[PDB]
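As they're listed, the protein sequences go chains A, B, C and D.
Going by the deposited numbering, the first sequence opens with residue 2, and the numbers climb by one from there.
Going by the deposited numbering, the second sequence opens with residue 895, and the numbers climb by one from there.
Going by the deposited numbering, the third sequence opens with residue 696, and the numbers climb by one from there.
Going by the deposited numbering, the fourth sequence opens with residue 1, and the numbers climb by one from there.
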Amino acid sequence: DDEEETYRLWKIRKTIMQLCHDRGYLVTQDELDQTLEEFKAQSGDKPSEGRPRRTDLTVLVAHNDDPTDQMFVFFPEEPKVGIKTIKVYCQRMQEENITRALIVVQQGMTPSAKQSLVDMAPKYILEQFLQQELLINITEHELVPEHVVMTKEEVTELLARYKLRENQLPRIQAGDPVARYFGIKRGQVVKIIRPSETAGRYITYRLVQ
Amino acid sequence: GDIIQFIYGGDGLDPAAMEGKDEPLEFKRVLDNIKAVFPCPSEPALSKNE
Amino acid sequence: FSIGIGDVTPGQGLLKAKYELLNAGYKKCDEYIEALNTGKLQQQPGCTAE
Amino acid sequence: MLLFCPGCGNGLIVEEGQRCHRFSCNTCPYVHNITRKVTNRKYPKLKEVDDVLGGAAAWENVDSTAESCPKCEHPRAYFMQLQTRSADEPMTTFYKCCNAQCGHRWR
Ligand SMILES: [Zn+2]
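Rendered as C-alpha cells:
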C-alpha cells in the first residue's frame, strides 16, 4: 500500500496527459515517457503527497490554433464531490478566466452536482470522468479502430462527393466513450479507419448525434 | 434513403462468385489453366528480369 | 452390383482381436473402479474423483 | 444450540437488567444467571470476499517455493490457493497460467 496508490496516480496522469496530447494541446515529449520511478522522484510517497493539489495541471493550452486558450485539470479528493468544491473550482476558473476544465472522481458525487453539470454556463463547460475508466486509455485497445475528427471543409467535401444530406450518415452516440474521450459536441463528423483482415483498409463516416 | 454501408461488404464483391475462400480467384490455378490451354511452342522462355 | 449377408459376416482374425481387446479393456475398467472404491485413485486435475 | 425453559418449554432469550447478565423466558419468571462462558455460535453470514485486494496488490506476501508446468515451463506464475464456503469445510488449490492466445488454468 502506497505503492499501488502511486501506481494508480502514475497511470491516470499518463492517460490524462495522453488524452490532452490527442486533443492537440501543448505537451512536451520528455513528459510522455515519464516513468513510474520518475514520478516517484518528482512526487513522494502517498502519506507525504497531497492528492487534491499535487496533481493539478493547467500548463496545457490549445497551441495548435490558440496559445492564449488554456484549460484545467483537477483531481478532487473526496469520494463524492459536493456543491462547495465545484463552486471552488468555478471561482478559481473565473479568477483565471478559462472556459474548460476536466473532472475526475474516485467514486462519484452527489446527484445535485449531476444536475448542475448541465447548467454552469454556456461559456463554461466541465467534463466528468471516473477514475476506473482513465486507468486505461481506450484508444490503445485492439477492438477500437482509429477515430479521426475532421474539419468543416472535409465534411463539406465528403458530402459533396456522395450527394448526401448530412443527416443520411450513420450516427455515433454523443455520450459514447470514444466520442467523450475526444470531447466532440453534436454536429461534428468522425472518420473511422477499420483494420482489414488483410493489408487492405476500409473507411467509414459517422455523425455525432 | 439513409446509408447502411458505403460499399457492400467492404469489397463490393458478390459472395456467390467466389472461387476461393472468400477471395474471388486462385492465382496458381488460373495460371496453370492458361499454360495448359495455350502451349506456345515458338516463343522462348522468360527469365526473372524479362 | 449387389449387397448380401456375405458382405457383413465377420471373418477369422476379427473374432480373435475382438475377444483379446474386450478382455484387456474390462480389466483396465476394473482397475479404475478398484482404484476409486479403495480411495487410492489420484484425482484428475480438472474435476473430482467421480 | 438452543435453550428452552424447564418450567414452560419456550425458547430463552438473553438480557441484562442487574449486575449480571441473565437467560430468561418471556412468559414465566424462570431465569438463569450466566456467571460463566459458553462456546458455540450460530455461524453468521457475510458474502464472498473476492476483490478485497484485487489486482497487483502489495508485495508483502511474496514467497520462495513454487511449482512448475509440464508443457512449457516459462518463468512467471507463483503459487496461490483458496477456500470453499465456511468454517468447517476444505480449501482448494488452482494452478492458473497465462501468456496469451490460450485458455489454461489447471485445478
Ligand atoms: Zn415461560
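Beta carbons: idealized from backbone N, C-alpha and C, even for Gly.
By the neighbour-count criterion, in which a residue is buried when 16 or more other Cβ atoms sit within 10 angstroms of its Cβ, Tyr902 of chain B is exposed.
For chain D, the residues of the segment 3–24 of chain A that bring a beta carbon within less than 8 Å of one of its beta carbons are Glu4, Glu5, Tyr8, in chain order. Distances from the CB of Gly7 of chain D to the heavy atoms of ligand 1 include at least one below 7 Å.
Nearest to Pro112 of chain A by C-alpha distance, out of A:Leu160, A:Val82, A:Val89, is A:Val82. Sequence-distant partners of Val60 of chain A (beyond 5 residues in either direction) whose C-beta falls short of 8 Å from its own C-beta, in its chain, are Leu27. For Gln169 of chain A, the neighbours in chain B by C-beta distance under 7 Å run, in chain order, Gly895, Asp896, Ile897. Of all residues in the segment 44–78 of chain D, the ones placed with a Cβ closer than 8 Å to any Cβ belonging to chain A are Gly55, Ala56, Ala57, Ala58, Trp59, in chain order. In the DSSP assignment, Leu208 of chain A is bridged to A:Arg172, A:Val190.
Here DSSP, grouped into helix, strand and coil, assigns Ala77 of chain D to coil. Annotation for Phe75 of chain A: the continuous beta strand (DSSP E) segment containing it runs 73–75. For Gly734 of chain C, the nearest beta carbon of chain D is not closer than 8 Å to its own beta carbon. C-alpha of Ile34 of chain D to C-alpha of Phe23 of chain D: approximately 7 Å in a straight line. The beta carbon of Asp46 of chain A sits closer than 6 Å to the beta carbons of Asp3 from its chain, once the five residues preceding and following it are set aside; these are given in chain order.
Taking a 10 Å sphere around the C-beta of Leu127 of chain A, we find 16 or more other C-beta atoms and assign the residue as buried.
Under the 8 Å criterion on CB atoms, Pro705 of chain C is classed as non-interfacial with respect to chain D. In the displayed model, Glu143 of chain A falls within coil according to three-state DSSP, outside both helix and strand. Contact note: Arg107 of chain D reaches chain C through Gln738, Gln739, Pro740, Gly741, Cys742, using a C-beta cutoff of 9 Å and chain order. By DSSP's assignment, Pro196 of chain A forms a beta bridge with A:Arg202. Setting aside the 5 residues that flank it on each side, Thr27 of chain D is surrounded in the same chain by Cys8, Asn10, each with a C-beta closer than 7 Å to its C-beta; the list follows chain order. With a cut-off of 7 Å, the C-beta of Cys20 of chain D is classified as distant from ligand 1, since no heavy atom of the ligand falls inside that distance. For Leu919 of chain B, the number of other beta carbons within 10 angstroms of its own is below 16, and it is reported as exposed.
Within the segment 29–79 of chain A, the alpha helix (DSSP H) runs of at least 4 residues that lie entirely inside it are, in chain order, 30–33, 37–43, 52–55. Each of A:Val156, A:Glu6, A:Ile84 was checked against the Cα of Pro48 of chain A, and the nearest Cα belongs to A:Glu6. When Cβ-Cβ separations below 8 Å define contact, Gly904 of chain B makes contact with chain A. Close to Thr205 of chain A, with beta-carbon spacing below 7 Å, are these residues of chain B in chain order: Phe900. Cβ-Cβ separation between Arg207 of chain A and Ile193 of chain A: approximately 7 Å, consistent with a contact (criterion under 8 Å).
The three-state reading of DSSP puts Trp59 of chain D in coil, since its state is none of H, G, I, E or B. Remark: the C-beta of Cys742 of chain C is outside contact range of ligand 1, defined as less than 7 Å to any heavy atom.
A distance below 8 Å separates the beta carbons of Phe183 of chain A and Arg24 of chain A. Annotation for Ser197 of chain A: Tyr203 place their beta carbon closer than 8 Å to its own, counting only its chain and skipping 5 residues before and after. Contact between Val74 of chain A and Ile17 of chain A holds, since their C-beta atoms are separated by about 6 Å, short of 8 Å. In terms of side-chain proximity, the C-beta atom of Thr27 of chain D is found nearer than 7 Å to a non-hydrogen atom of ligand 1. Listed in chain order, the non-local C-beta contacts of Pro90 of chain D below 7 Å within the same chain comprise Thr84, local neighbours out to five positions each way being set aside. When rounded, the separation of the alpha-carbon atoms in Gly701 of chain C and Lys711 of chain C is 19 Å.
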